[PDB]
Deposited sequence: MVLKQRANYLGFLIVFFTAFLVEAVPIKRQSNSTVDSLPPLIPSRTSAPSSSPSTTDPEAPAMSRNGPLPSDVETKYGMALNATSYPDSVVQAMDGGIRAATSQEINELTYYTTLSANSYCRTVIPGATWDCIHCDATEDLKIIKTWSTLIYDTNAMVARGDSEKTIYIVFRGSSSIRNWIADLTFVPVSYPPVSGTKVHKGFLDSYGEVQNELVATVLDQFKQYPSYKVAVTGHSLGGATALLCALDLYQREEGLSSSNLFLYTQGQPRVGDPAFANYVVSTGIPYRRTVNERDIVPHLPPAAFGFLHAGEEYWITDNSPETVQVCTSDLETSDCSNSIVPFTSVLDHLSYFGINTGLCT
């Protein structure tokens, strides 16, 4: 039923430059945290202030695009959207012309996902919701590295791989049915929080199984996404060439979990929201994460900064 893995697309790159830990300079320079501040994996849950190749500023059009995908991610937390399959929610005006093809709410791992299509913008959308109990999800997070089965020599966190696997077979079949019908359309994947992890694994699976998808027509946007796998996994993600915009809001803790020092590493160019008034996004123009954007503020992180992106509530349908 799933199309088979394509060998040329499931090979780890032969030799990758080593990456030094991108959080270590900040972990040494910053601190100590105030005594009363709670931590998870050494990162603050509730710090309320900042501590004492290249970077650029995102343009208005780039910020509009990141905002649109944030909106899709946010609306997925609304039960009128998943499993209701309606555009009846407060930020649903921006997505109301999209046709909802299918939604899922899986049994064991509670993966909530949807496929939609926009004929005006010639795009097939895949959206993954994060946890329905975010604070408990963050507090309860483990780090259990396991083999990433498609790509030998790579590892990912088991919970993330499990979240995707439960919805994978049906969702791939729905996406590829849409892509057969609308062959010139873009495929765009998005999610916030845990949903961003799931979205990454979904984009990789579609690249690995459908020759007709590539860097030209398969795009990934995440918000508040945790690290998903080890440096060999991140180097594999880079190798795919998939366009990958990874947005981080200010001091959001979740992009810093699990910490880099625990042997995980992000791929995907970082778009760091540094200010809402005026809206400012600092882009660290590297495919592997750097010490120059949100990694510069650890461990002075925040759960509250995870719960809104671009002034849109992310994780709460309000």
May I ask you to mark the stretches of the deposited sequence that the structure leaves without C-alpha coordinates? 1 to 36, 89 to 95
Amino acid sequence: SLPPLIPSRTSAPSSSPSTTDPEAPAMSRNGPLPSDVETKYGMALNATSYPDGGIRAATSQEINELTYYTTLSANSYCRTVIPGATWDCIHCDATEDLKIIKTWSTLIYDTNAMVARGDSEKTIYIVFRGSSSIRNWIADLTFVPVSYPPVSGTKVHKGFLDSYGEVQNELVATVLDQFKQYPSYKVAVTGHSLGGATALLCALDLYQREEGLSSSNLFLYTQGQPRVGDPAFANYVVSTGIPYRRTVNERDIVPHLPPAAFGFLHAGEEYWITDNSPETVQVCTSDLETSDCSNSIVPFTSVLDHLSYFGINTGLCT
From here on, numbers count along this sequence of modelled residues.
Tell me which of 154 to 162 and 199 to 207 has the higher mean C-alpha B-factor in the deposited entry. 154 to 162
The stretch carrying the higher mean Cα B factor in the deposited entry, 309 to 317 or 4 to 12, is 4 to 12
Residue, from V81, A188, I90, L72, that the PDB entry assigns the highest Cα B-factor: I90
If you compare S193, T247, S132, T111, which has the highest Cα B-factor in the entry? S132
Test of reading the entry: by CA B factor among the chain's modelled residues, which third contains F179? middle
Which third, lowest, middle or highest, does the CA B-factor of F143 fall in along this chain? highest
Cα B factor band for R29 (lowest, middle or highest third within the chain): highest
What third of its chain, lowest, middle or highest, does the C-alpha temperature factor of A44 fall into? lowest
How does the C-alpha B factor of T59 compare with the rest of the chain: lowest, middle or highest third? middle
